[PDB]
Each structure stands twice: as structure tokens, then as C-alpha cells.
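The chain contents come next:
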Amino acid sequence: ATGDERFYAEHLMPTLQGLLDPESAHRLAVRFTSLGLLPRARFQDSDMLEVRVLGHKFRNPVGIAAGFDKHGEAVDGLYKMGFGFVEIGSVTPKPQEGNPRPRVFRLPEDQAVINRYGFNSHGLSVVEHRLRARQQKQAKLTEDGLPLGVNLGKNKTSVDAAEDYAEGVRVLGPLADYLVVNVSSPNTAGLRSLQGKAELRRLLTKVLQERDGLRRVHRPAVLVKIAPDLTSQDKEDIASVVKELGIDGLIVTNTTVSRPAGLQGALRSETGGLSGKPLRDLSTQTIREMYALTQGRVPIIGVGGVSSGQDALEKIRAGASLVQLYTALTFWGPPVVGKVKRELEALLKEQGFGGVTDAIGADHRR
Ligand SMILES: Cc1cc2nc3c(=O)[nH]c(=O)nc-3n(C[C@H](O)[C@H](O)[C@H](O)COP(=O)(O)O)c2cc1C
Ligand SMILES: CC(C)=CCC/C(C)=C/CC/C(C)=C/Cc1c(O)c(Cl)c(C)c(C=O)c1O
Ligand SMILES: O=C(O)c1cc(=O)[nH]c(=O)[nH]1
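Residues numbered from 1 in each chain as written, not as in the entry; some residues may be left out. Chains lettered and ligands numbered in written order. Heavy atoms only, no water.

With respect to the packing of aromatic side chains
What counts, and what does not: Aromatic pairing here means that ring centres of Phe, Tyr or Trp (its six-membered ring) are within 6.5 Å. Orientation follows from the plane angle: under 30 degrees is stacked, over 60 is edge-to-face, and everything else is tilted. Each helix corresponds to a stretch of at least 4 residues labelled H or I by DSSP, and each strand to a stretch of at least 2 residues labelled E; elements are numbered beginning at the N terminus. Accessibility here uses a 1.4 Å probe with only protein chains present; expressed as a share of the type maximum, an area under 20% marks a residue as buried, one over 50% as exposed, and anything in between as partly exposed.
Counted under the stated rule, the structure contains five aromatic pairs. With centroids separated by 5.9 Å and ring planes inclined at 80°, the aromatic side chains of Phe-68 and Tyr-326 adopt a geometry described as edge-to-face. Highlighted residues: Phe-68 in the loop between strand 3 (62-64) and helix 3 (75-80) and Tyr-326 in the loop between strand 13 (322-325) and helix 11 (327-332), separated in sequence by 258 residues. When its relative accessible area of 5% is taken as the criterion, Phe-68 is described as buried. Geometrically, the ring pair formed by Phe-331 and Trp-332 is tilted, given 6.0 Å between the ring centres and 45° between the ring planes. By relative accessible area, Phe-331 is classed as buried at 6%.

Structural notes on the UniProt feature "active site" in the chain
Stated precisely, the cut-off is as follows: UniProt positions are given in the numbering used here, feature names are shortened, and annotations may be inferred rather than shown by experiment. Note on contacts: a residue pair qualifies if any of its non-hydrogen atoms lie within 4.5 Å across the two residues. As used in this structure description, the phrase polar contact means that two N or O atoms lie within 3.5 Å; if the pair is within protein, one of them must be able to donate a hydrogen and the other to accept it, and residues adjacent in sequence are counted only when both atoms belong to side chains.
In this numbering, the UniProt entry assigns the feature "active site" to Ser-185. When you line up the elements, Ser-185 lands in the loop between strand 8 (178-182) and helix 7 (197-212). Judged by relative accessible area, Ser-185 falls into the buried class, the value being 6%. Residues in contact with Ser-185, not counting those within four places in the same chain, are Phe-119, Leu-191, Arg-192 and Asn-254. There is a polar contact of 3.1 Å between the side chain of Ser-185 and the backbone nitrogen of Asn-187.

Structural notes on the site of ligand 1
Note the cut-off: A cutoff of 4 Å decides nearness: a residue is near a molecule or strand if any of its heavy atoms lies inside that distance of it. Per-residue accessibility takes into account occlusion by the displayed protein chains alone, with areas from the Shrake-Rupley method and a 1.4 Å probe. Side-chain classes follow a simple rule in which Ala, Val, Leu, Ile, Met, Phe, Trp, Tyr, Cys and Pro form the nonpolar group, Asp, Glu, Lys and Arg form the charged group, and the remainder, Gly included, forms the polar group.
In the neighbourhood of ligand 1, 23 residues make up the surrounding shell, with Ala-66, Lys-70, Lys-225, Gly-305 and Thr-327 lying closest. Side-chain polar atom of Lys-70 to an oxygen atom of ligand 1: 2.8 Å apart, as the coordinates give it. Between an oxygen atom of ligand 1 and a main-chain N or O atom of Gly-276, the distance comes to 2.9 Å. In the complex, 97% of the free accessible area of ligand 1, which totals 610 Å², lies under the protein chains. Where the shell around ligand 1 is concerned, the elements lending two or more residues are strand 4 (85-91) and strand 11 (273-276). Across the shell around ligand 1, the residue classes tally to seven nonpolar, 14 polar and two charged.

Comments concerning empty space enclosed by the protein
Our working rule: A cavity, in this analysis, means grid points on a 1 Å lattice covering only the protein atoms where a 1.4 Å probe fits yet has no way out; a pocket is instead an open set bounded by protein on both sides within 12 Å along at least five of seven lines, and a residue lines either one if it has an atom within 4 Å of a point. Grid points are joined across faces, edges and corners, and a volume is the space filled by probe spheres set on the points.
Considering all chains together, one arrives at one cavity of 30 Å³ or more under this definition. For the largest cavity, the calculated volume is near 80 Å³. Per element, the largest residue contribution to the lining of the largest cavity is four residues, and it comes from helix 11. A class-by-class count of the residues in the lining of the largest cavity yields four nonpolar, five polar and one charged.

A closer look at the pairing of strand 8
Which entries qualify depends on this criterion: Crossovers are described as right-handed under a simple rule: with the strands pointing away from the observer, the path leading from the first strand over the helix to the second runs clockwise. Two strands pair if DSSP finds at least two bridges between them.
Among the five residues of strand 8, five are classified as buried, and the element is accordingly described as predominantly covered. The alternating pattern of strand 8 places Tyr-178, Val-180 and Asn-182 and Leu-179 and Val-181 on opposite faces, both of which are buried. The handedness of the strand 7 (residues 148-152) to strand 8 crossover, carried by helix 6 (residues 161-172), is right-handed. Note: strand 8 against strand 9 (residues 221-226), five bridges, orientation parallel.

Notes on the site of ligand 2
Around ligand 2 there are 17 residues in total, and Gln-17, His-26, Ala-29, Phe-68 and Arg-106 lie nearest to it. Take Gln-17: an N or O atom from its side chain is 2.8 Å from an oxygen atom of ligand 2. Here an oxygen atom of ligand 2 and a side-chain polar atom of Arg-106 are 2.8 Å apart. For ligand 2, the protein covers 94% of the area, taking 610 Å² as the surface of the free molecule. Breaking the shell around ligand 2 down by element, the ones donating at least two residues are helix 1 (3-19), helix 2 (22-34), strand 5 (104-107) and helix 11. The element contributing the most residues to the shell around ligand 2 is helix 2, with six residues.

Right, here's the structure in full:
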């Protein structure tokens, strides 16, 4: 509706993408966000958008997904952009470079991205100090309805995956409102095998024990982030383990290793995870499945191809309590956040929902 949305989407972003390679663009976006060089978002969040979940108030249900701010450099700039919550990461225990460049690719004709970053990470110690420098500022933000998530990965050469995640819980758990056990990156060999029943149960038991050993004020919720490429068996098993262990929530979904028929981008056959519009409905359907398998009792953060209020509401009605976006930001720029929120509010009113909370899982009750 606004002129700024139009200017960014039709002119500024496509022009700048024509000038800058994907990883240079990503780095500049992080820099510009971190320095607060963006104008403050003018959208005032209505009470209809507030969600209480995971032991926290969320001023609005639209978050920035993991992978944008991998190293916790731009958290305050992201809240300024109008995100209701920020997830940083993935962070690995030791610093690591990730894959050789180029490792990110735009598919403009599909409104999609393919990436194979491979968990490039400053490491736990660097991120720990970065978050400690603003820990009390974050405590106030959280109290004000603006929570922080930290997404944990594992190093390429580690000989004990569970210990990598445990180290992440110990080091960054005390600084996070929620932690994410990311077992769904398509870009680390053997990682997605940790989604299997026996491996997942053993990994999450260890993670939860570590979390429970933190002091009360420093004890985060623990969520598991899952792939969009799971078999029905895999999903049944994850739901079973989640309920057996009392895992606090799920993030649904990561990027897809599938390549849906109809992709037009020249770079469609690059190796990596596919994000954006072609992922959207695969993610929505995964949310729908996981909500049903967990009887609506396990909070879900829905992610994959959200670019509009309709996209957000579809995931909410399928069972998401909160949503995230990333790829839409890369195409449309900062005004997409306000756009999604304004559209979501309008649609909630049009469909007779009192607020976001009333719409969570609504399709299952039709
Ligand atoms: C360039 C890029 C880097 C990403 N890095 C991470 C990561 O480090 N950890 C993670 O859990 N997900 C990562 N993701 C996945 C996103 O968090 C999200 O699950 C996925 O992109 C679907 O959302 P979208 O379609 O709105 O981008 C990344 C995605 C992209 C496009
Ligand atoms: C996305 C954002 C906060 C933009 C602010 C305006 C700026 C500084 C734009 C210039 C850089 C640019 C064209 C970024 C778009 C872009 C990209 O084109 C791609 Cl490919 C990626 C992977 C990312 C990751 O964040 C990305 O942001
Ligand atoms: O670092 C990456 O390559 C990465 C991690 C992840 O979880 N998802 C993704 O698409 N890329």
C-alpha cells in the first residue's frame, strides 16, 4: 500500500541486486542494519498482533529467521525494522569458515534463493561476548515483548554432535529466550540424520539436561528446527520424541533440498537449500502435519516463503503460533516487515479473529 514498499520492491532492491553479488549484498544488509542506518519502522503494533507463547510475550508474531544475522551483529537494528522477535545463528562451537565462495545464489524468476553457506560462524565465544555487551538491554527488550532466539549448529569436523549442541546450550543458553537445535541444515554432511528417532532422543535428552542445569533466570525454551523434506515416518518419530521429552516447540521448516517442478532461475540446479516462494506451501503443509501430530499442544514457529499477510495467516491457521521470514526481506527490503504485519492485521479482522491467538490452528477446527 505504501510508497516506500513500492520503491524498495520495484526499484531499489532489484537495482542493487543487479549491482552486488549475493554474499556481498548479504554482508552489506547486515552492516546497514547493525549501524541503524535504516529509518525506524513507522508501523505501530496493535494489540491484535500480541502472542503469549514459550514463556514470553511477543509484541507481534513476525520474526527474522536464522541465517540473516548468523553472528549476532544486527539484533537491535532488526527490532528497529519491526520484527517481533529476532533469531540469530546458526552458531557453531568453534569458529569456522563454511563453504568456498560463491555459496549463495538468487533465483529472481522464482522469488527464491539457494544457499550452501555450510555454517560459517564466528563461534560461541565471539557471539557470547557480543550478546553479553547488550545483555541487560536485551532483558528490557524481552520484558517489552521483543524476545531473542539463538540457533545452535555443530562444527564440520566435530566427532560428537551432541557435545557440540550441549556446549551451545551452556555458552549461549543463558543469553537466549529460546534456543534452537538445528538438525536440519542441508549443508553439513550427516546433520539431517540427527532427525532420526534414536539419534534425536539421545541428542535432545542431553540438550534438555544441560538446559535444565542453568539458573532459572537464564533457562531458555528449547525448540527443534526441522527439514521440509522428511518422510511421514520421520515426522511421526519427531512428534513422538517431542512429546516424550517435553521439548518446548518446533521451528518448521528449514530450506528444502527438493527442486519443485517449475523453477525458472538459471541457478536452480546449484547444490544447497532452496528458500522463498517455492518452499512456501511445502512448509505450510509440514506445519499442518506437525500441529496435528502434537495435538496442538506444542508451539510451532512457521517459516518458509512468507512474504505477505496471507502467507503469514496461512501458516498461523495451519498451526503456527509465530512466523519468521528471511528470503522475502532479501527481495523486497525492510518495508516487507510492515507490509506483512499490516496485511495480517487486516486479514484477521476480515476473517473474524479477535487476534493472532484466536487464529492459531483454526484450519484444524473447521
Ligand atoms: C542465505 C540463508 C542462510 C541461512 N542460514 C541458516 C542458519 O544458519 N540456520 C538455520 O537454522 N537456518 C538458516 N536458513 C534458513 C532460514 O532460517 C529459513 O528456515 C528458510 O530460509 C525458509 O524461510 P524463507 O523462505 O523466509 O527464507 C538460511 C536461509 C538462507 C536463505
Ligand atoms: C535486506 C536489507 C535489510 C536491505 C537494506 C538495503 C540495502 C543495504 C541493500 C543492499 C544489499 C542488498 C541488495 C541486499 C539484498 C540481499 C540479497 O540480494 C541476497 Cl542474495 C541475500 C542472501 C541477502 C541476505 O540478507 C540480502 O540481504
Ligand atoms: O549455513 C548454512 O548453509 C545453512 C544452515 C541452515 O540451517 N539452513 C540453510 O539453508 N543453510
